[PDB]
Number of protein chains: 4
Amino acid sequence: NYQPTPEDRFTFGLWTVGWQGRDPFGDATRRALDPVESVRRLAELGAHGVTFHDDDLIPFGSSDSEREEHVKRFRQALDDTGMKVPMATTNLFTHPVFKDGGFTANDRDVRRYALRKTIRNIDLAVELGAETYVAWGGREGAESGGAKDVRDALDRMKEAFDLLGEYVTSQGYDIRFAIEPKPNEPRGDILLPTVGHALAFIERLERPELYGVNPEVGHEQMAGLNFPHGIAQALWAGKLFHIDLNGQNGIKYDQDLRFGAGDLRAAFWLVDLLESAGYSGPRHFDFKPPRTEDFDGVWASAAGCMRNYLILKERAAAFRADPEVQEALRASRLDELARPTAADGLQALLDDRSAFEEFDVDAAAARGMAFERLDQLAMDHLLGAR
Amino acid sequence: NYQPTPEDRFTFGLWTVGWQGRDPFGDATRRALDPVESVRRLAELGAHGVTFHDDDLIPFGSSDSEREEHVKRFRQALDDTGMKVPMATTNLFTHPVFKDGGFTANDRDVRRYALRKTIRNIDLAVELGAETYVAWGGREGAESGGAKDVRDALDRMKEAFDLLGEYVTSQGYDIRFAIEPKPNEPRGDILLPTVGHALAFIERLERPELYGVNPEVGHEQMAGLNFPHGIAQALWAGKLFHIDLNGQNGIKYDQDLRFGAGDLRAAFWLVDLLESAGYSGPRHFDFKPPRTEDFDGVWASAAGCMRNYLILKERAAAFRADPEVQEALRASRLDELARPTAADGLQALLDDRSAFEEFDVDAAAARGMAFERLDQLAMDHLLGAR
Amino acid sequence: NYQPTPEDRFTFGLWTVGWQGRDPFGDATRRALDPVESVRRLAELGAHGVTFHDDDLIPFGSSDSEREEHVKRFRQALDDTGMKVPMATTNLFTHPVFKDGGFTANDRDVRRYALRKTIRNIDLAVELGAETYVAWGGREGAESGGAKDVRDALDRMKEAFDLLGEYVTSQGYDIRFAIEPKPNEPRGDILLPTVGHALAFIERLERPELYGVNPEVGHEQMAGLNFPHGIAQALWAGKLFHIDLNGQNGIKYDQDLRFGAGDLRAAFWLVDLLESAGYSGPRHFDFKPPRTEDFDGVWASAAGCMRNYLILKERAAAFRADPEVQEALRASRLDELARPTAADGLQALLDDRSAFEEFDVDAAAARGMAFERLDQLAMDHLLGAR
Amino acid sequence: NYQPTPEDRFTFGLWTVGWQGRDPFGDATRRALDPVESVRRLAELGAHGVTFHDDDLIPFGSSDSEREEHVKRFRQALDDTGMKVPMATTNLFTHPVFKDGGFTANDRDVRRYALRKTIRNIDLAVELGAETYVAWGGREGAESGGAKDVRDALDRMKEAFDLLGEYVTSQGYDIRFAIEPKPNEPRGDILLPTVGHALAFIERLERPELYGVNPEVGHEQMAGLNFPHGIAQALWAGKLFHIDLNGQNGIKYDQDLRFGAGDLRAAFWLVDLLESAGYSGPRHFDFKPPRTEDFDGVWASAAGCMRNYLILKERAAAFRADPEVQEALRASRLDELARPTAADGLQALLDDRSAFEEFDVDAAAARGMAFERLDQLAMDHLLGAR
Ligand SMILES: [Mn+2]
Ligand SMILES: [Mn+2]
Ligand SMILES: [Mn+2]
Ligand SMILES: [Mn+2]
Ligand SMILES: [Mn+2]
Ligand SMILES: [Mn+2]
Ligand SMILES: [Mn+2]
Ligand SMILES: [Mn+2]
């Protein structure tokens, strides 16, 4: 009955089930969880692995000794459970020093500190077996127009990413980078606010092959965009290195609900696309159990993330395998969208009278697309009402 | 008193002052304007030139004879007034045949027709002296998930743009292309919905040098994004080939108000950036005088577009030239944002103890950025309250 | 298999299935439908009745003779099919005369014309057996601040509604009024933009008992509000006289998709509330089949509206009847929300030491609400995955 | 040069200049300010008074002794500076006990505690001379549909407000209540989400005369609504008891920028309306100096709030006094909007052939409203470019 197993590749950040519930208007409602405990509880629920920011695992300001101790305990829990660590990232947003950014702070000294903190964590990530290193520039941006010259900030962001690429290359590490966009919050506007802006920026780096995107459901939805469409563009470009799954109810603060909550039809189309395209990376959940819940509610919320993905996978698979759907797809000319417009070439197109001089515009215009019937088949499959 | 002249490079689409006022819920409130009349009236107000879609100038379905007649009359009005035609574009959205798109319609025959209609208008544009050809794919998109496989639609959109590039190259034309993004309306979601998504797509075309963006104030604002920030990224990439200026009041239907209306502080920061970066293309207005107005109100609205740009230019120039502002910019470390983070190189950074081991995080964190004082100077300059 | 019957009280506006597909950027894609044909087709699909604006039934400018002829033909189709007409409304938005509003136009003569056109249609509505008369003030509003003094416009809107109430009372008609809010489109901002603003305005009319609201799913969603919450406030006030069902994908132009499309979880909670509260009015659909469709697609879209309501009704009923859900509701203290806070009275509350002096705040704070488990039960029921 | 004085009635919450800078993603960047220090600094800048939540003045959990000490120190600073305390409110959102709400928590015991905490602070407010007591129900709402039955929650919210009214009446206090709406954040959806919903709810209380609204600029803007329009409806109803002034950049998290930031044209129209209507309550600022600033930046931000109001007041006054504007207002028929539609009565309207039978619809439709010229005069006045 929709039971996950390590083979489904479900992963969770330590900061997700570990969120204590502090919000802009309130104090924590839950005590802090030890990372060893989260690993054990997640393994029992059927997850494949966990991810972390540097500061989730090693308290900021830790001595070298304390650091070694925290890592050793964590590595023991991984060995005991069989859990993996497929991705890691850096906290460049909590401490007051990062109030104006990490890579793009106006103060040069802060920029140099941000790169050193990042490099230290790349070494750790490699040691633990991570394949992807994410960067979410949550403090890179502004609340007012004069505060940041965006051209100079993009020069600084390029310079930081180029140096990180030089580092991994020189060390011979087998790790790639993934930038995670977000349009706003905590800054008034954040730089590289969507998947499109991040894809475009990557093409100006020195070694573009090392970088991809880590899109998050709720972030593109904070800009009112279609998440499955943005993911299709990232797959088309060959840059979907990792993904963050959650839920969001429209354009407002970043809710981070469990996956399946928020826009349920967009979750269906997302799973349809990931499974059809054969995405083989982790199915990672960046969510926050609501502050109304106790620990029992934390684990129920985490289990619901995986359950919802498995129900949707079943429904999308049933939709694509139904002969009546296959027929409707041809009725709506999805097979013709996949054929080249003009494999014959430009000259042939130019000489083809059927393409212009003798094209019957009225006959073509009268042809219904039959999209509503197709979408009702998709609705019936989602609801299990076939 | 803020009087424009042809030297200010102000341009208008024929469809702007010529909008009859038909909306989703109502009939036209104004009669149609002859293109010759719009040219004469615009020249008297101090504009530099006009732009057009194919169907604005030559009624759809026109015979070759009728076509020649419409062009001749238009060329006479240009000669009489000294007006130029710096940009042209194609209508691939009004006629029912384009109900599912032009370049990405599911029907292959429609796709071939869309390319032939486009090519015919490129020839005309060159004849009239246009330097930029815009493409706004208003019907490229969907209302439901199953209707369009986005990967196949991006293959089709790439194929269309590649063929157009082959055409201009083979003909030896001196024209470049600019894609205009929009997130939604008239389709539920439109492909390449923002400046970022369009920049990323260009990098996958066969001859990327021929293509840039034509961003529009109100379109990025329909996604709640910061317009000046998106323009700074387009300038950074060297792709701001043209721009569409107007106003919009937040996330809702595309209003196309006159420039200066809507978000007035964003208009200030936009003019600040265009003038500082030395953008030298046309200052084009894609706006609609509200359907409440008669002809007198049409021309008042058009004149207000240019007046508002000139007032803002004066205020931004006064802001940048004020010694007290120059001092505040240094107080907020804008001069340090423009210096390289690590011109010393990676190894030097790695060996620098002042960047990590001996960096005083608390001292750096306590430093105020003094952004509020700077933003109040910007406010006083905008309001002429210095 | 989810087959509707006249007993389900499904109704449709003539303008819904009859929308020809003209949008802000394109021409009609379908021919006009005769009202007699729509009545027959709807009856075959299992609808209960239709609704109309004056201008949908009688072409604007019709002579008295032509008017009588249009009504007679329509009454014959109703008799032939058994369809009813439970609601009617007035078109005060299409004709250019209403460009600045009907009831709140700045020109006094237009205001008087708007009331006379309305009164003429109230008489017709009564003749046809309508019980509710809707008013949607789509042109009441503004694009700029100085154009409308809102206090004076609310005086004018009150004056119009008071006169209509005096008319129905003097004639002894058994009809009530329902105001339909919308936040924007076609005006920049519309007056009484949400269900809350309309409820508040009704309390200032001379005979408040005659007026209620006609909320529409997609309109409250254009303001990013929770539709089921707004409907619960209208039911609490005893003012839900009628409802408009459809779908909308967030904050953008008014899409009017078929019911069930858009926010599917909000559609579930809406049906849950209407059926639990025992709403007994019409289940009316104000939707537009997309312009991509031919006539076959029109009727498929209309049938999907009713199918989706019946699937959701089944799922909501199964949720409320499940013993495991009833248990979860008590676990989350929904039974305690329904009990009075202080039936004991103010003095007793003041004297109760358990309410303050001896209240254990920490013990109460530690209690989880168990909302995530309850919401996952709701998800499983919606998806038929119990 | 736009210097405020106590006569301008500017007020600030202790929590505004006192915000330490903790956000959903970061730690505090400033130390806590003693309330006595804020009073002194505000008085030097020209403010009239301050406001507070219970917990801003008396740390939660304080003994009776500690409480008396905190009040005495505060009363001394008021005496020393001449500052007044025109409004007070209750914190029913920070402590974990309020995680599901105060007045509408599902647990009955929490509801009774919320009322007792409120009553204790009403007594204090009266002692300090407050005339208005605000209620912002920031935790009243939900993240999921099943968690809260909205009808029962509105019964509970009515019961709480009725008990508070009984309390003030029985004590003979001269204080009125003002409810402050907000659409979301920190809850997924908050009950009474806009000014309209709060106005409608007041009409169902036992003694409606005791309650009004406290609207906040940025909250209505989080729903994409027009703030000046909502304020005009509150003034029309006679319910604008207090106001919260700040700035917000569209639909996103609640920014609380300084007044004048965000939507500058909406700030102009707001000041125009408050001064024309003769609003005589406090001009209160609920804002947060950005976490990028040190203490110097805090006071600069606070001073900019008052400066911006005074510049806008001057510009709005100049607009209304300009003979050319007075002429444009008549050209746009603002004088006719203020005249009754039908002071002649219903029968006279019914018998008036000029209102329908002989009304020339085409002539009336051709009349331009001349709104664009009027809005450009408003723009020139705002910018000081007359
Ligand atoms: Mn997020
Ligand atoms: Mn994330
Ligand atoms: Mn536009
Ligand atoms: Mn444009
Ligand atoms: Mn609608
Ligand atoms: Mn409707
Ligand atoms: Mn706020
Ligand atoms: Mn407030």
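Naming: A, B, ... by sequence-line order, numbering from 1 per chain. Values reported hereafter were calculated over all heavy atoms of this structure, with side chains retained and with hydrogens, waters and symmetry mates removed.
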Open item on the list: Among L115(A), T104(A), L350(A), which residue has the highest count of heavy-atom pairs closer than 4.5 Å to chain B?
Closed with: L350(A)
Task: Side chain / backbone / both / neither for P181(A) at chain B, heavy atoms under 4.5 Å - done: neither
TODO: Go through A114(B), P193(B), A328(B), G146(B) and name the one with the most non-hydrogen pairs under 4.5 angstrom from chain A.
DONE: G146(B)
Task: chain B contact via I202(A) - which portion, at a heavy-atom distance below 4.5 Å - done: neither
Task: Residue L377(A) versus chain B: region with a heavy atom under 4.5 Å - done: neither
TODO: Select, from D362(A), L225(A), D272(A), the one with the greatest count of heavy-atom pairs under 4.5 Å involving chain B.
DONE: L225(A)
Task: Under 4.5 Å from any heavy atom of chain B - which part of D155(A) - done: both
Open item on the list: Whether the side chain of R151(A) engages the backbone of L235(B) through a donor-acceptor N/O pair (distance < 3.5 Å, no angle test) should be reported.
Closed with: no
Open item on the list: Taking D335(B) first and then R108(A), would you say they form a salt bridge - that is, a charged N and a carboxylate O separated by under 4.0 Å?
Closed with: no
- [ ] Show your working on side-chain contact (heavy atoms from CB on, under 4.5 Å) between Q233(A) and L192(B) and close with a plain yes or no.
- [x] CA-CA 9 Å; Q233(A) 187 167 170; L192(B) 312 183; 4.0 Å; yes
Task: Part of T341(A) within contact of chain B (heavy atom distance under 4.5 Å) - done: both
TODO: Please confirm whether the backbone N or O of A342(A) pairs with a side-chain atom of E159(B), one donor and one acceptor, at under 3.5 Å?
DONE: yes
Task: Heavy-atom donor-acceptor pair, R116(A) side chain to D352(B) backbone, under 3.5 Å - done: yes
- [ ] Report yes or no: does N106(B) contribute a side-chain atom to a donor-acceptor pair with the main-chain N or O of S332(A) at less than 3.5 Å?
- [x] yes
Task: Per-residue contact mode, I231(A) against chain B (heavy atom under 4.5 angstrom) - done: neither
Task: Pairing of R111(A) and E336(B) as salt bridge, 4.0 angstrom limit - done: no
Open item on the list: Please classify the contact of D344(A) with chain B as side chain, backbone, both or neither, using a heavy-atom distance under 4.5 Å.
Closed with: side chain
Task: Nearest-0.5 Å distance that lies between atom CG in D149(B) and atom CG in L273(A) - done: 8.0 Å
Task: Under 4.5 Å from a heavy atom of chain A, the part of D162(B) involved - done: neither
TODO: Please lay out, stage by stage, how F356(A) and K117(B) fare under the test side-chain contact (heavy atoms from CB on, under 4.5 Å).
DONE: CA-CA 8 Å; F356(A) 192 80; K117(B) 184 176 195 288; 4.1 Å; yes
Open item on the list: Tell me whether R333(A) contacts the main-chain N or O of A105(B) through its side chain, where contact means a donor paired with an acceptor under 3.5 Å.
Closed with: no
Open item on the list: By the ring-ring contact (aromatic ring centres under 6.0 Å, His included) test, which pairs, at least two apart or in different chains, include something from residues 330-352 of chain A?
Closed with: none
Task: Contact class of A277(A) relative to chain B, heavy atoms under 4.5 angstrom - done: both
Task: CD1 on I119(A) to CG on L349(B), rounded to 0.5 Å - done: 5.5 Å
TODO: Go through the atoms of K158(A) and report whether side chain, backbone, both or neither lie under 4.5 Å from a heavy atom of chain B.
DONE: side chain
Task: Toward chain B, the part of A364(A) with a non-hydrogen atom under 4.5 Å - done: both
Open item on the list: Does any backbone or side-chain atom of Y113(A) lie under 4.5 Å from a heavy atom of chain B? Answer side chain, backbone, both or neither.
Closed with: both
TODO: Please flag which part of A343(A) lies under 4.5 Å from any non-hydrogen atom of chain B: side chain, backbone, both or neither.
DONE: backbone
TODO: Under 4.5 Å heavy-atom distance to chain B, tell me which part of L374(A) shows up: side chain, backbone, both or neither.
DONE: side chain
Open item on the list: Can you tell me how the ring of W236(B) sits relative to the ring of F201(A), calling it parallel under 30°, perpendicular over 60° and tilted otherwise?
Closed with: parallel
TODO: Run the salt-bridge test on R367(B) and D109(A) with the 4.0 Å N-O cut-off and return the result as yes or no.
DONE: yes
- [ ] Say whether, by atom type as modelled, one donor and one acceptor occur between the side chain of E166(B) and the main chain of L346(A) under 3.5 angstrom.
- [x] no
